[PDB]
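**Q** Dumping the structure here so I can ask a few things about it.
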Amino acid sequence: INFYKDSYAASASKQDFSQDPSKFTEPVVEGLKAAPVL
Amino acid sequence: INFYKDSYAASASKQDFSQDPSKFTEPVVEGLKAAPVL
Amino acid sequence: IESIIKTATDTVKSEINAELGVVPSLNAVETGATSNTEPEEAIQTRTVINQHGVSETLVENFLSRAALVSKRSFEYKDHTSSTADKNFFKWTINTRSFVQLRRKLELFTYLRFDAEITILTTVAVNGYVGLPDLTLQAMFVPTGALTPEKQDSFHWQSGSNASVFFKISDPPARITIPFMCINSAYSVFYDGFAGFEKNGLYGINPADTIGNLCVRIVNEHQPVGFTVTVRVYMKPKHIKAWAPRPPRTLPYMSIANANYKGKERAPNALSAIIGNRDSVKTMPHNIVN
Amino acid sequence: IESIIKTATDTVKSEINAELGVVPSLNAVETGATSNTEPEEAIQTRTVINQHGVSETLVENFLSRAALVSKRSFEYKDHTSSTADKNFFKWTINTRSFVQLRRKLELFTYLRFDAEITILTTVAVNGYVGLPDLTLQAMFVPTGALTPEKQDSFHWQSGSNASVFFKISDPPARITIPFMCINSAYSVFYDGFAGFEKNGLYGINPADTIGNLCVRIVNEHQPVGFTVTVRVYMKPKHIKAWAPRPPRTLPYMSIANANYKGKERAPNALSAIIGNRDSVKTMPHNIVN
Amino acid sequence: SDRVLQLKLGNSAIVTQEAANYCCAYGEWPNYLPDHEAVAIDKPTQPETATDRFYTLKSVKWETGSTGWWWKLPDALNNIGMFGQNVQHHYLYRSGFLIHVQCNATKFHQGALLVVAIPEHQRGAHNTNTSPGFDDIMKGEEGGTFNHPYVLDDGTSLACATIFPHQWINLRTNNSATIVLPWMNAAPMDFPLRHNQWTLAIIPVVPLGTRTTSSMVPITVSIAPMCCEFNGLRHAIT
Amino acid sequence: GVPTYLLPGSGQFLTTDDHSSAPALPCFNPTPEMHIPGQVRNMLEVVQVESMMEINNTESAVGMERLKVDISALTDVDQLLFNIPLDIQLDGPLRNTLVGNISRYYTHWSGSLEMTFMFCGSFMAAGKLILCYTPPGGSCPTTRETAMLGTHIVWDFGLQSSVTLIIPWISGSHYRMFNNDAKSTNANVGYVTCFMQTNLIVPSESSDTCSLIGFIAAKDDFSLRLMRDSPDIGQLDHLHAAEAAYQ
Amino acid sequence: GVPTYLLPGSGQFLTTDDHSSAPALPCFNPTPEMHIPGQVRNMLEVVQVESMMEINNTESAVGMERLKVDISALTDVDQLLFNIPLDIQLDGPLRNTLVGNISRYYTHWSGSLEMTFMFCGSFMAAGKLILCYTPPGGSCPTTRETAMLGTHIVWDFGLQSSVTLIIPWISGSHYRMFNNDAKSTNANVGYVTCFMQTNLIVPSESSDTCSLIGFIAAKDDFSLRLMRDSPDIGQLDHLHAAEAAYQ
Amino acid sequence: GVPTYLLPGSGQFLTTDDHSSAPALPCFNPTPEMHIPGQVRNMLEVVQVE
Amino acid sequence: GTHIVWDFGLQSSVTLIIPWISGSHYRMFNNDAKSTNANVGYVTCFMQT
Ligand SMILES: COCCn1cc(-c2ccnc3c(NCc4ccc(OC(C)C)cc4)cccc23)cn1
Ligand SMILES: COCCn1cc(-c2ccnc3c(NCc4ccc(OC(C)C)cc4)cccc23)cn1
């Protein structure tokens, strides 16, 4: 329920389930094998 | 009337009329006759 | 076999029997089955079309009634000299302190439910000036979070704890708490020990720990003292229930255990649950004319 | 690669390995990548279908909880002889004064959010007569607008400032403030100086300046003094967050900087964050039976 | 017909010629944990016939003053055979049980035993505020005796105990009772040394009596774990 | 805005109300459901399970002795053995039963009852009993040729250990009340009486005295109405350690 | 108008509520969004990043010295090198870690952990270690032939510097608790122990003593539940210059 | 939320008002209806009797 | 070990199978009864009740 004119008034947005942890866990230029890694 | 985002907020669910009393009244492996029962 | 039952069963008319080899009134209790004798088999019956509903004994309806779970009174005053709940209290959340709710819940072995919480506040002047319209804060402190130590400690800033602020002049404060067990159901009874050593608590499943309820008055103290009483009501809802149990017969002794003593004499004595009659042939309320 | 994750991952059953040239438990930490060893590669596993949701660690849910940002008490009285907040106060808006909210926000480098503000008011009689149902005015004074100098100054006429008027007997006053940075995100940390000369403030991005909150009692003073406490709560919402950070370990010293001292001894001492054990071979809570 | 029964599990078999059907608790049968209910991600060991076999406990004497007897599961089996060894080396266990209770007498004897499997039989103490201690609860293979069978030692009642899975041995009618127990827990698996899912209770609601020459009338309990699984292999607690 | 007005009952706390209310923990995910044996969905499933009657509620019956009735060989014909008070509201053999305990959370009831008796003598013991239900209106019958005029079953002891007497729902009203006035026409059910039809006959090496266990359950025509606080439980004080939850 | 009534909970301030509220600045246009590196959307992405364990949490380890474990050549076989307490709630090597710090805002947890060890001796240093996880129930093993019975990896030092021990989620319940009672069956995870499998062997011109750095992260089967105030931070007083915001 | 304002007559108890109100006994099943002789539906039926 | 629990009843008789449990295809009828090529193990009877 949102009868206010400005959209920033709305209730919280708990629906964004997109993740990309590899930008923190694997920021290497060459992706690693699941051969030895070096 | 439920305008809350979480479904556990809803009012009570008084609509489940399924019963199976035989799981307490007749938990025998062989169902009994309506011959003598032993 | 599962079926949908909205009303009590109809009765069919029945005739005289006299069939050899058929004995529907004989049973074998040793099997553990309950008697399957129908009324039509025991007597000659008429036809009755039965319209009585069964909705009031639904487990949802039986349990989803708001009941008192906690009641605390404390002095709202300047506490500088007191030794006491100093404008706030902490409560370790449990369902075992008030026997009417406890006995109904203990009809089952496992329960899954969300908890509707209603918080009712009342105030009286200490031994009159009128009653103040105070603001209260209730804060839920989960396991391993720190409880407040003072009325004004920084724990009350509630950065991640859920708090509700409510006035005395408001309608009672209300919130729902989800089913929060780490298992799929609460263990209403627990034949086990809470810890990996031998000295842990018997009878309390660690999986069922809710946490602490912390309630303060937010106003600074007035020049005069008041007594404030907080009552907490729980209503289970969205209920599933498993494995029905023998009801409690002896008075409860403790919130911590099932210990029992009985009443000093029947009814509900340890030696005699039902009150005595003079003999097995005595009819106690026999009609005589 | 971005993907939509609603639940924790399933485990597949695994067999015995013994493959030459394949060493999934060996890794190279020097690359800066985290270990990619899967459980199925380290041990023989069963199949588990995993139904645990991940919604409670969403950044929106983690941060969008209302937390105390400001708390001010002032005397509501005739102030003609006082030297003091004379029925009003001014607050320079910041997120750094209460550590529980501060530490959660400081897990990130950049944040974009709208701020839901709840204003809770409480009153006590000075050392009793009953509590007055006062009207308050909160006025937002942006950068370069003039702040009020008195309880009754003409700045309170609020021709273009946003004001909210609220009673003590009301529910807490609530408003939303939009994301108002002159950049696309707030700088939670700022490795820079605010001015073009060398003497400007280190560590505060000028781009993030919100302004001042001015709160007065609107009633004229009564014949008796009261203490009024105003509590302001902020809830971030519609949150985007960038570049996660090492959490704060040492106690905060100042709202103005990251300065640190540590506790006098572990835990959270400057020389020892974790409390000591007797040796690297000592198990502190070892089960013994 | 259904007075004779044979039970075969592993290398063990039991025959009775005087059964009274048998009970499947709540109409369930034991099963292994399916993938859509599993929690622990390691591959379970499933020893099958090494564990899923009848173990016979020490017999108890039925005497005119007896209050009745109880055993807790898995506690009573945690030190027996390969079931005990798997229990001692694994953090987590799960199983059903097959319970077979044996008591025979002459056609001149009378007496009735209630044989009831109680889930989560959390015991109370009598006439004290102090909760039962570890040695009051964890009796192992020997089991315990009821203090106040009339209230099931839990302040409830014997009279309503028929709400639980049960049979009777009525000496006139039958000489054995059989109850099949599914896994009965709020979690899918449990630590076997700190929680008991089931208590077997045997209570003499009608006392043993006769006017023949007296003999020792024993009650014997045989229990087969069913569909045993173990997770979290480590050194034996033992 | 919407023009509105408040009704009577605004702001009340009714303990049986049914509304949605604010979730205190947003985005909380409850533990996945798991199948558990023995789900109950209606309390009527519980009262259909038979449970022992405390028929021997006499002084000099202690504990378990109260759940059985002892029968002996008699030397006079047609003798009365026992009677069962049928008032579920007043304290008696039916109160501490599954049907009894659940029904006492309700005020109104309807439908038939079954009593089952198990004979627990020796195999060599023989006998016939008559079990009679008398509809209400008069005194409980004390002689067999009076009790015989009501609803009854004649029970022969044999290989089948147990007999059922149905107590049929015979009532002018749709419901009866659990009324403390047991003589009220809205409450009184009548009586169950047991007589010798023949005799208990046993050889010398059997025990001369044999026991019955009585059981009661509701049939599936049974209904309960108007929920109330059960008078079975109460507290006069705080329980032990209830104060310690505040410390 | 519409007839209405107020429910319990009317007018309350619940800090986790979720409603729209009045915009104080009408027609305000927020700054256009700009792409920024490193957006996080779930806190589970952070706990999957490995971070150093404070394994050497001993007196006479100061600061950075607490983040490494020193290994020396031994003259006895099979010797214990170190153990790691696995209780995340109680203070120990795991607390000040990314997985540790984020998890302490929650009460319930599930799923597997990975420990990675990096050997930082010289190139000429050789050795084999055994890393063991013991599921809970007994004492922490003090001998290699006991620890060897649990989950383990045997690590050979080589060109790949680092080894992972997976700690698999082995639990009876769906979740564990971050419980201050570390011996609770709902909380205790068991133990990690490190033994010599062979020995540390080095030539004369290498340093005779070599270090391990231990790291921990969660795997992607990991879940957190029931948000709470983290016990890691607190204040006893106003911060410096917090009063000056009112002046 | 919805912006609202209270009218005159808000909170009054008018004895002839006609609103729904909160059921105190949820899921109560009233006794089945039975035909009874002599139902009256309008009081004008009574005043037509001499 | 391998066992049967025998209840006396209308059927007079019970069978215990001794299953062929051996490492080798055959055993020997060896006068050295303790030889691993010969020893079969034991049958024992106990009271169950
Ligand atoms: C058969 O029963 C065994 C299982 N079992 C369930 C519960 C239970 C669960 C959740 N809650 C409870 C409560 N709720 C108090 C409350 C909590 C948080 C609040 O939050 C506000 C401060 C924002 C308010 C009030 C009071 C009493 C009991 C409970 C206890 N045992
Ligand atoms: C990680 O954080 C770094 C970025 N950051 C965001 C904020 C912030 C933004 C907007 N507002 C805030 C507020 N709001 C007080 C308020 C303002 C106007 C009001 O208007 C009424 C008088 C009509 C009412 C209350 C209190 C505290 C903080 C804020 C501060 N720093």
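So you can find residues: chains in the structure tokens are A, B, ... in the order shown, residues in each start at 1, and ligands are numbered from 1 in order.
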Excluding segment 5-20 of chain A and its own-chain neighbours fewer than 2 positions away, which residues fall within 8 Å of it when counting only C-alpha atoms? Please give them as a CSV table (one decimal) with N, CA and C atoms, in the first residue's frame.
**A**
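Contents of the output file part_34.csv:
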chain,number,residue,atom,x,y,z
A,2,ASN,N,0.8,2.0,-1.1
A,2,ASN,CA,1.6,3.3,-1.2
A,2,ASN,C,0.7,4.3,-2.0
A,3,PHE,N,0.1,5.2,-1.3
A,3,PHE,CA,-0.6,6.3,-1.9
A,3,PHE,C,0.2,7.6,-2.0
A,22,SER,N,31.8,-14.3,-7.2
A,22,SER,CA,33.1,-14.4,-7.9
A,22,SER,C,33.8,-13.0,-8.1
A,23,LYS,N,33.1,-11.9,-8.0
A,23,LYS,CA,33.8,-10.6,-8.1
A,23,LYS,C,34.6,-10.4,-6.8
D,1,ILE,N,29.9,-14.9,-12.6
D,1,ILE,CA,28.7,-14.6,-13.4
D,1,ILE,C,27.5,-14.4,-12.4
D,2,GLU,N,26.7,-13.4,-12.7
D,2,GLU,CA,25.6,-13.1,-11.9
D,2,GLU,C,24.5,-14.2,-12.1
D,3,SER,N,23.9,-14.6,-11.0
D,3,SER,CA,22.8,-15.6,-11.0
D,3,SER,C,21.9,-15.3,-9.8
D,4,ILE,N,20.7,-15.8,-9.9
D,4,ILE,CA,19.6,-15.6,-8.9
D,4,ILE,C,19.7,-16.7,-8.0
D,5,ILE,N,19.9,-16.4,-6.7
D,5,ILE,CA,20.1,-17.4,-5.6
D,5,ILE,C,19.1,-17.2,-4.6
D,6,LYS,N,18.1,-18.2,-4.5
D,6,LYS,CA,17.1,-18.1,-3.5
D,6,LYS,C,17.4,-19.1,-2.3
D,55,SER,N,17.2,-15.4,2.2
D,55,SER,CA,16.6,-14.0,2.2
D,55,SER,C,17.0,-13.2,3.4
D,58,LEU,N,20.0,-11.0,2.7
D,58,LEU,CA,20.0,-9.9,1.8
D,58,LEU,C,20.4,-8.6,2.4
D,60,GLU,N,19.3,-5.6,1.8
D,60,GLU,CA,18.2,-4.9,2.2
D,60,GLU,C,17.7,-5.3,3.6
D,61,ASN,N,17.6,-6.6,3.8
D,61,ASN,CA,17.1,-7.1,5.2
D,61,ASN,C,18.1,-6.8,6.2
D,64,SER,N,18.0,-2.7,6.6
D,64,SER,CA,16.7,-1.9,6.8
D,64,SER,C,16.0,-2.3,8.1
D,114,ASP,N,17.4,5.7,0.8
D,114,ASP,CA,16.4,6.6,1.4
D,114,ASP,C,16.3,6.3,2.9
D,176,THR,N,9.8,10.0,5.5
D,176,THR,CA,11.0,9.5,4.7
D,176,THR,C,11.7,10.7,4.1
D,178,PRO,N,14.5,11.3,1.1
D,178,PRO,CA,15.2,10.7,-0.1
D,178,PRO,C,16.7,10.6,0.1
D,237,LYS,N,16.4,2.3,3.5
D,237,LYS,CA,15.6,1.5,2.6
D,237,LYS,C,16.0,1.8,1.2
D,238,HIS,N,15.7,0.9,0.3
D,238,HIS,CA,16.0,0.9,-1.2
D,238,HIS,C,17.5,1.0,-1.3
F,27,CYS,N,11.5,-11.0,6.2
F,27,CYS,CA,12.3,-11.9,5.4
F,27,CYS,C,12.8,-13.1,6.1
G,18,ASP,N,7.5,-2.7,8.0
G,18,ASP,CA,7.8,-2.4,6.6
G,18,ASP,C,6.6,-1.8,5.9
G,19,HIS,N,6.6,-0.4,6.0
G,19,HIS,CA,5.5,0.3,5.4
G,19,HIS,C,6.0,1.5,4.6
G,20,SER,N,5.2,2.0,3.7
G,20,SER,CA,5.5,3.3,3.1
G,20,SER,C,5.3,4.4,4.2
G,21,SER,N,6.0,5.5,4.0
G,21,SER,CA,5.8,6.7,4.8
G,21,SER,C,6.0,7.9,4.0
G,22,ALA,N,5.4,9.0,4.6
G,22,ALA,CA,5.2,10.3,4.0
G,22,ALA,C,6.6,10.9,3.5
G,23,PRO,N,6.7,11.2,2.2
G,23,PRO,CA,7.9,11.9,1.7
G,23,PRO,C,8.0,13.4,2.1
G,26,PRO,N,8.8,16.7,-1.4
G,26,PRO,CA,8.1,16.4,-2.7
G,26,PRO,C,8.8,16.8,-3.9
G,27,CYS,N,8.8,16.0,-5.0
G,27,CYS,CA,9.4,16.2,-6.3
G,27,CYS,C,10.9,16.3,-6.2
G,40,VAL,N,27.5,-5.5,-3.6
G,40,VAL,CA,27.1,-6.6,-2.8
G,40,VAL,C,25.6,-6.6,-2.6
G,41,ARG,N,25.0,-7.7,-2.8
G,41,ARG,CA,23.5,-7.9,-2.7
G,41,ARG,C,23.1,-8.9,-1.6
G,42,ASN,N,23.9,-9.8,-1.3
G,42,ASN,CA,23.7,-10.8,-0.2
G,42,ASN,C,25.0,-10.8,0.7
G,45,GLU,N,27.7,-13.5,0.1
G,45,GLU,CA,28.9,-13.3,-0.8
G,45,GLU,C,30.1,-12.9,0.0
**Q** Using only C-alpha atoms and all ligand atoms, find each protein or nucleic acid residue lying at most 8 Å from ligand 2; present the set as an MDAnalysis selection string.
**A** (chainID D and resid 69:70 93:95 102 105:106 110:119 137:141 161:164 175:180 186:188 208:215 232:234) or (chainID G and resid 24)
**Q** Can you pull out every residue within 6 Å of segment 54-61 of chain E, counting only C-alpha atoms, but drop anything in the same chain fewer than 4 positions away, and send it as a PyMOL selection string?
**A** chain E and resi 12+217-224
**Q** Got time to write the residues from that selection, N, CA, C and O atoms, as a short mmCIF file (atom, residue, chain, number, x, y, z; two decimals), in the first residue's frame?
**A**
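Full text of selection-v9.cif as output:
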data_model
loop_
_atom_site.label_atom_id
_atom_site.label_comp_id
_atom_site.auth_asym_id
_atom_site.auth_seq_id
_atom_site.Cartn_x
_atom_site.Cartn_y
_atom_site.Cartn_z
N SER E 12 18.82 -62.99 12.16
CA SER E 12 17.96 -63.25 13.31
C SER E 12 16.53 -63.53 12.86
O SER E 12 16.07 -62.97 11.86
N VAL E 217 8.10 -66.23 36.05
CA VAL E 217 7.51 -65.73 34.81
C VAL E 217 8.31 -64.54 34.30
O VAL E 217 8.11 -63.41 34.76
N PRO E 218 9.28 -64.75 33.42
CA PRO E 218 10.05 -63.64 32.86
C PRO E 218 9.35 -62.90 31.72
O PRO E 218 8.53 -63.45 30.98
N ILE E 219 9.70 -61.63 31.59
CA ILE E 219 9.41 -60.81 30.42
C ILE E 219 10.71 -60.54 29.68
O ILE E 219 11.68 -60.07 30.28
N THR E 220 10.75 -60.86 28.39
CA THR E 220 11.92 -60.68 27.55
C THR E 220 11.63 -59.69 26.42
O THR E 220 10.59 -59.77 25.78
N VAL E 221 12.56 -58.76 26.20
CA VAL E 221 12.48 -57.74 25.15
C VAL E 221 13.52 -58.01 24.07
O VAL E 221 14.71 -58.15 24.36
N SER E 222 13.08 -58.09 22.82
CA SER E 222 13.94 -58.13 21.65
C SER E 222 13.65 -56.92 20.78
O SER E 222 12.50 -56.64 20.47
N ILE E 223 14.70 -56.19 20.40
CA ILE E 223 14.58 -54.98 19.60
C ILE E 223 15.48 -55.06 18.37
O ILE E 223 16.68 -55.27 18.50
N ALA E 224 14.90 -54.84 17.20
CA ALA E 224 15.67 -54.69 15.98
C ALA E 224 15.64 -53.24 15.50
O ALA E 224 14.58 -52.76 15.09
#
**Q** Pick out the closest residue to residue 61 of chain F from this set: E:30, E:121, E:7, E:150. Count only C-alpha atoms.
**A**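 Checking each of E:30, E:121, E:7, E:150 against residue 61 of chain F, counting only C-alpha atoms, the winner is E:150.
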**Q** Could you give me, as a ChimeraX atom specification, the residues within 9 Å of segment 88-90 of chain G, counting only C-alpha atoms and dropping anything in the same chain fewer than 5 positions from it?
**A** /C:144 /G:95,100,103-104,177-182,187
**Q** Could you dump the residues just selected with N, CA, C and O atoms as a compact mmCIF listing (two decimals), in the first residue's frame?
**A**
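Okay, out.txt is ready:
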# COMPACT_ATOMS: atom_id res chain seq x y z
N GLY C 144 22.48 -14.98 22.21
CA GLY C 144 23.80 -14.44 22.00
C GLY C 144 23.88 -12.95 21.79
O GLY C 144 24.99 -12.42 21.78
N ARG G 95 36.62 -16.00 15.43
CA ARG G 95 35.72 -14.86 15.65
C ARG G 95 35.99 -13.69 14.71
O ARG G 95 35.07 -13.19 14.04
N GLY G 100 33.20 -15.21 10.38
CA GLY G 100 32.92 -15.04 11.80
C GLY G 100 32.15 -13.78 12.12
O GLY G 100 31.12 -13.83 12.80
N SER G 103 28.53 -13.73 10.62
CA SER G 103 27.70 -14.73 11.28
C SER G 103 27.23 -14.30 12.67
O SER G 103 26.14 -14.69 13.09
N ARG G 104 28.03 -13.51 13.39
CA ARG G 104 27.67 -13.04 14.73
C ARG G 104 26.57 -11.97 14.76
O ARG G 104 26.14 -11.59 15.85
N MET G 177 23.15 -23.38 16.63
CA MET G 177 23.04 -22.08 17.29
C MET G 177 24.42 -21.53 17.65
O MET G 177 25.35 -22.28 17.93
N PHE G 178 24.56 -20.21 17.57
CA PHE G 178 25.67 -19.47 18.19
C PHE G 178 25.39 -19.26 19.67
O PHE G 178 24.97 -18.20 20.13
N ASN G 179 25.61 -20.33 20.42
CA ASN G 179 25.24 -20.45 21.82
C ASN G 179 26.46 -20.25 22.71
O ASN G 179 27.52 -20.83 22.46
N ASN G 180 26.32 -19.43 23.76
CA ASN G 180 27.41 -19.25 24.73
C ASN G 180 27.73 -20.53 25.49
O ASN G 180 28.86 -20.70 25.94
N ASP G 181 26.77 -21.43 25.64
CA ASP G 181 27.01 -22.79 26.12
C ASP G 181 27.62 -23.59 24.97
O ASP G 181 26.92 -24.17 24.14
N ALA G 182 28.95 -23.56 24.87
CA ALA G 182 29.66 -24.23 23.78
C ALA G 182 29.56 -25.75 23.82
O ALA G 182 29.73 -26.39 22.77
N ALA G 187 25.10 -26.78 19.47
CA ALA G 187 26.10 -25.77 19.14
C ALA G 187 27.46 -26.33 18.76
O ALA G 187 28.08 -25.83 17.83
**Q** Can you tell me how far atom CA of residue 189 of chain D sits from atom CA of residue 63 of chain D, in Å to one decimal?
**A** 17.1 Å
**Q** Do a neighbour search on residue 31 of chain A at 12 Å with only C-alpha atoms, toss out local chain neighbours closer than 6 positions, and write the hits as a ChimeraX atom specification.
**A** /A:22-23,25,37-38 /D:1,31,33-34,36
**Q** Just the selected residues (N, CA, C and O atoms), exported as a CSV table (one decimal), in the first residue's frame, please.
**A**
chain,number,residue,atom,x,y,z
A,22,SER,N,31.8,-14.3,-7.2
A,22,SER,CA,33.1,-14.4,-7.9
A,22,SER,C,33.8,-13.0,-8.1
A,22,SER,O,35.0,-13.0,-8.2
A,23,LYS,N,33.1,-11.9,-8.0
A,23,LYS,CA,33.8,-10.6,-8.1
A,23,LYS,C,34.6,-10.4,-6.8
A,23,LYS,O,35.5,-9.5,-6.8
A,25,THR,N,35.4,-13.5,-4.6
A,25,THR,CA,36.1,-14.8,-4.4
A,25,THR,C,37.1,-15.2,-5.4
A,25,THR,O,38.1,-15.8,-5.1
A,37,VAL,N,46.5,-25.5,-9.9
A,37,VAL,CA,46.0,-24.1,-10.2
A,37,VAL,C,47.1,-23.2,-10.6
A,37,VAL,O,46.9,-22.2,-11.3
A,38,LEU,N,48.4,-23.5,-10.2
A,38,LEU,CA,49.5,-22.8,-10.8
A,38,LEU,C,50.4,-23.7,-11.6
A,38,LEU,O,51.0,-24.7,-11.1
D,1,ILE,N,29.9,-14.9,-12.6
D,1,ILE,CA,28.7,-14.6,-13.4
D,1,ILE,C,27.5,-14.4,-12.4
D,1,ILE,O,27.3,-15.2,-11.5
D,31,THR,N,47.4,-16.1,-5.6
D,31,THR,CA,46.6,-15.5,-6.7
D,31,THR,C,45.6,-14.4,-6.2
D,31,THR,O,45.2,-13.6,-6.9
D,33,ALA,N,42.6,-15.4,-5.2
D,33,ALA,CA,41.4,-16.2,-5.3
D,33,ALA,C,41.2,-17.0,-4.0
D,33,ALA,O,42.1,-17.5,-3.4
D,34,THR,N,39.9,-17.1,-3.6
D,34,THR,CA,39.5,-18.1,-2.6
D,34,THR,C,39.5,-19.5,-3.1
D,34,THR,O,39.2,-19.7,-4.3
D,36,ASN,N,38.6,-23.0,-4.3
D,36,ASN,CA,37.5,-23.6,-5.1
D,36,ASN,C,37.2,-25.1,-4.8
D,36,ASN,O,36.4,-25.7,-5.5
**Q** Distance limit 9 Å, atoms considered: only C-alpha atoms. Which chain G residues sit that close to chain E? Return them as JSON, numbers by chain.
**A** {"G": [110, 111, 112, 133, 134, 135, 136, 137, 138, 139, 141, 146, 147, 148, 149, 150, 151, 168, 169, 170, 171, 172, 173, 174, 175, 185]}
**Q** Let's have the selection written as a compact mmCIF listing (two decimals), in the first residue's frame, with N, CA and C atoms.
**A**
# COMPACT_ATOMS: atom_id res chain seq x y z
N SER G 110 24.02 -22.89 9.21
CA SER G 110 24.10 -24.20 8.60
C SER G 110 25.09 -24.18 7.44
N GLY G 111 25.62 -25.35 7.11
CA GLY G 111 26.46 -25.54 5.94
C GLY G 111 27.94 -25.68 6.27
N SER G 112 28.68 -26.08 5.23
CA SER G 112 30.08 -26.46 5.31
C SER G 112 31.03 -25.27 5.36
N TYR G 133 39.50 -33.06 10.93
CA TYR G 133 38.26 -32.62 11.57
C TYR G 133 37.59 -33.78 12.31
N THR G 134 37.36 -33.59 13.61
CA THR G 134 36.66 -34.56 14.44
C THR G 134 35.23 -34.10 14.71
N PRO G 135 34.22 -34.83 14.24
CA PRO G 135 32.84 -34.54 14.63
C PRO G 135 32.66 -34.60 16.14
N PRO G 136 31.66 -33.90 16.67
CA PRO G 136 31.55 -33.73 18.12
C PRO G 136 31.11 -35.00 18.84
N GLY G 137 31.42 -35.03 20.13
CA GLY G 137 30.95 -36.06 21.04
C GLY G 137 31.96 -36.41 22.11
N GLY G 138 33.23 -36.38 21.76
CA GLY G 138 34.30 -36.69 22.68
C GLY G 138 35.29 -35.56 22.89
N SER G 139 36.38 -35.85 23.58
CA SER G 139 37.47 -34.90 23.72
C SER G 139 38.21 -34.72 22.39
N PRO G 141 41.13 -34.94 19.96
CA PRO G 141 42.19 -35.97 19.92
C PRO G 141 43.58 -35.39 20.09
N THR G 146 44.47 -41.40 16.70
CA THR G 146 43.08 -41.07 17.00
C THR G 146 42.49 -40.06 16.02
N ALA G 147 43.20 -38.96 15.77
CA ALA G 147 42.67 -37.91 14.89
C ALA G 147 42.46 -38.41 13.47
N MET G 148 43.34 -39.30 13.01
CA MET G 148 43.27 -39.94 11.70
C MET G 148 41.94 -40.64 11.40
N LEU G 149 41.17 -41.01 12.43
CA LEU G 149 39.88 -41.68 12.24
C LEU G 149 38.77 -40.74 11.75
N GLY G 150 38.90 -39.43 11.97
CA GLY G 150 37.97 -38.46 11.44
C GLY G 150 38.23 -38.08 9.99
N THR G 151 37.53 -37.04 9.56
CA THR G 151 37.73 -36.42 8.26
C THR G 151 39.09 -35.73 8.19
N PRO G 168 32.79 -30.50 6.51
CA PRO G 168 31.43 -30.71 5.99
C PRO G 168 30.37 -30.49 7.05
N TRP G 169 29.22 -29.99 6.62
CA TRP G 169 28.07 -29.89 7.51
C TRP G 169 27.60 -31.27 7.95
N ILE G 170 28.00 -31.68 9.13
CA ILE G 170 27.59 -32.95 9.73
C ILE G 170 26.87 -32.59 11.02
N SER G 171 25.55 -32.67 10.99
CA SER G 171 24.72 -32.20 12.08
C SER G 171 23.42 -32.99 12.06
N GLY G 172 22.88 -33.26 13.24
CA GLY G 172 21.56 -33.86 13.32
C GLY G 172 20.45 -32.89 12.95
N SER G 173 20.52 -31.67 13.45
CA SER G 173 19.58 -30.61 13.11
C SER G 173 19.95 -29.87 11.83
N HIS G 174 18.92 -29.29 11.21
CA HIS G 174 19.09 -28.37 10.08
C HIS G 174 20.03 -27.20 10.39
N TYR G 175 19.97 -26.66 11.60
CA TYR G 175 20.83 -25.55 12.00
C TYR G 175 21.53 -25.84 13.31
N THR G 185 24.57 -29.58 22.68
CA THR G 185 24.45 -30.41 21.49
C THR G 185 23.88 -29.66 20.30
**Q** What is the atom CA of residue 252 of chain C-atom CA of residue 118 of chain E distance in Å, reported with one decimal?
**A** 20.5 Å
**Q** I need the chain C residues near chain G as a PyMOL selection string; criterion: at most 6 Å, counting only C-alpha atoms.
**A** chain C and resi 142+145+160-166+171-174+182+194-196+206
